[PDB]
Every structure is written in structure tokens, then in C-alpha cells.
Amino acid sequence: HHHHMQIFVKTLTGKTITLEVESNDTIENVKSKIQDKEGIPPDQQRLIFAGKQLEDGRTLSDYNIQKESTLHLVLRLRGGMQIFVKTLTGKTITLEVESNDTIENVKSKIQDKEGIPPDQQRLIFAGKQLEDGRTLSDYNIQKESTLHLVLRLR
């Protein structure tokens, strides 16, 4: 069952703030609360917990975040290249990438974030399977491009 709790958000410059949240609040909503309190635009915010960046559309409970847990808040300048990898289940995996990142590095980033072995991943963009040894730019994948991730049983 959903419940109320307090969490902490800490920036690198030393401040810990307390937020009143519900266990099923989304990360997007937490970023909105941080904007309301500190004035920081959500698109500049990256929230980190268990060493992973937290996905806007998932909830605190999805990440096992409990009362008096702390989230790191790291801030980016506007315009860092992100891409969105979406499974056919609707899951979204937002990756900070560079324009010449190799496909196998993208799969390695997906493994770091989601635990999915690279050999189980099939990435698709514009109807083409993305091949190891090629780069994002080889497929004209650029900022805010959306890729599909297809998975088979191990």
C-alpha cells in the first residue's frame, strides 16, 4: 500500500533538503517539488540512487526508496545529448550519450542501468537493427531520438 514518507535530496554544494512525498510519487513529481523549493528547472535535474539515474515516469517505490533515504541531485547544463530507449512493454530508459557512441557501448549503458545483458538486447531505430561496431551517428540518431529495445527469453 502507498504511504507517506520524508526523503532527503542532497546537492553537491552541501545542502540537504527534506521533501514530503508519497511512496508512489513519480520521479517527475519529485523534480517538480525540487523546482518549487529550490527553483531548479526539472530538465536540468538528474536524481541518482543506488548509483543509477532515476527515470522520470517511474515511482519512488519502483526504486525501493524508503523513509529518510537520500537522493543525490546532480545538475546538468541544458542540452546534453540524451536518447530514449523504449521497450515494447512501455518501459523508458533514458541514456546520456555522445553522438559517436558505439552501439555496444549503448547496450553496456543499458546493462548498467537496467541489468539486461547486452547479448539479450536488440536495438531498433527507423526499422533497422543497430549493429555492434557502428555508432549512433551512423544511424542519424541524435538528441532526443527514441529507439526500440526488443528482448527474447534467455
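Residues carry their position along the shown sequence, with the first being 1.
Student: Mean C-alpha B-factor higher for 17-25, or for 142-150?
Tutor: Stretch with the higher mean C-alpha B-factor: 17-25.
Student: Out of 64-72 and 116-124, which one has CA B-factors that are higher on average in the deposited record?
Tutor: Comparing 64-72 with 116-124, the higher mean C-alpha B-factor belongs to 116-124.
Student: Looking at 40, 85, 106, 54, which has the highest Cα B-factor in the entry?
Tutor: Top of the list by C-alpha B-factor: 40.
Student: In this PDB entry, which of 89, 94, 59, 45 has the top CA B-factor?
Tutor: Highest CA B-factor of the listed options: 89.
Student: Among the chain's modelled residues, which third holds the C-alpha B-factor of residue 136?
Tutor: Ranked within chain, residue 136 CA B lands in the middle tercile.
Student: Comparing residue 129 with the other modelled residues of its chain, is its CA B-factor in the lowest, middle or highest third?
Tutor: Residue 129: CA B-factor falls in the lowest third of its chain.
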